[PDB]
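Here's a solo chain for you in structure tokens, the form deposited in one PDB entry.
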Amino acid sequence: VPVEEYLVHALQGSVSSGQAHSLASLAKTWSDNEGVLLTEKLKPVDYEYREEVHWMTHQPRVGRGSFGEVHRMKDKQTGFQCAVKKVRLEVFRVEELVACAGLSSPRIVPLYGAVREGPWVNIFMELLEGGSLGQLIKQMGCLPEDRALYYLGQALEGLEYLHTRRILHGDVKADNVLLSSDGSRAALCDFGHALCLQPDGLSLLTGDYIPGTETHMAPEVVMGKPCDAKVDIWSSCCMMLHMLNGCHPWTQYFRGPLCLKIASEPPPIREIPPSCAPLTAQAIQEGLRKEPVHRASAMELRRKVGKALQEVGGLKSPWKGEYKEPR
């Protein structure tokens, strides 16, 4: 599409306020200061939006996310607080912005814009004051069954929304589910591993791709086989096990590579706690089928998990409350 050219050149070299579609087109050229901000509350100043000039990170800089790359920040002009994820330009994948720009769902963290500055791509988004589901598991040890189901339910609604639009999330895990301040709303974040799937519907380990979290990789990812939206379902069920047990599946002592065991061993259904209700155990098993064609889709599993939650009397347990011992 060469008539983008003229629009994209107008965007280049500048930070502007604009719409999602413009950000996506600019981001395709990211393989000094430029980008698009999608909300009123972040404003460029004279064609620029520069760290520690127009926006500032919180003063004791601590960092969340796997690489401590996510920070709380404040626009200096407006005072509005939000989150920024820093990504190294040389590793930036176009899909991180092309897949999520223009999505609108309460199960997906809102994108506020992205700005390139030197060797950084700064991705701005809503600051969810409840923190991540990963932080919650760490803080509480492990989650009771009803709360685990509730959050898996919401993640699956997010995945239905993405899969319907031919978007594979690619790193579904507790760390990438963010929570409102009261714990009642969960939403998917981090599209660094996302992939746009073909019309047909249904490769991964080729070209510019960056693999997800290893303990959560489906067998077909690890075997180099063709990959589709079912990869996310496997991955969400490894998250469920993490919620219930307080640790990732496949964690336990062994030397040598874990990717071999995921290929060769049976699925980690033995880690399902014996005290789970039967529909909870059944659902996790249907999401953890080794062959993607035998695995539940997002829609199917979402219905089942909603039923499982009703089967245990609905969401009753406290938001935070009491430490539960893992293992």
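Shifts are known only where both forms have a C-alpha. Start at 1 with the first residue shown and count on from there. C-alpha atoms forming the largest set that superposes within 1.5 Å between two forms make up the rigid core.
There is another form of this protein, the form deposited in another entry, and it is not shown here; the text below is about that form.
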| property | result |
| --- | --- |
| CA of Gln59, rigid core aligned, shift of 2 Å or more between the shown form and the other one | yes |
| Per-residue C-alpha change between the shown form and the other one, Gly68, threshold 2 Å, rigid core fit | yes |
| Post core alignment: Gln139 C-alpha displaced by 2 Å or more between the shown form and the other one | no |
| Distance direction in that other deposited form for the C-alpha atoms of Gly68 and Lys138, relative to the displayed form (3 angstroms or more) | farther |
| Inter-Cα distance between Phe67 and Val121 in that other deposited form, nearer or further [3 Å or more] | closer |
| Runs in sequence order between the shown form and the other one, three or more residues long, with CA shifts of 2 Å or more on the rigid core | 59 to 68, 208 to 210, 252 to 256 |
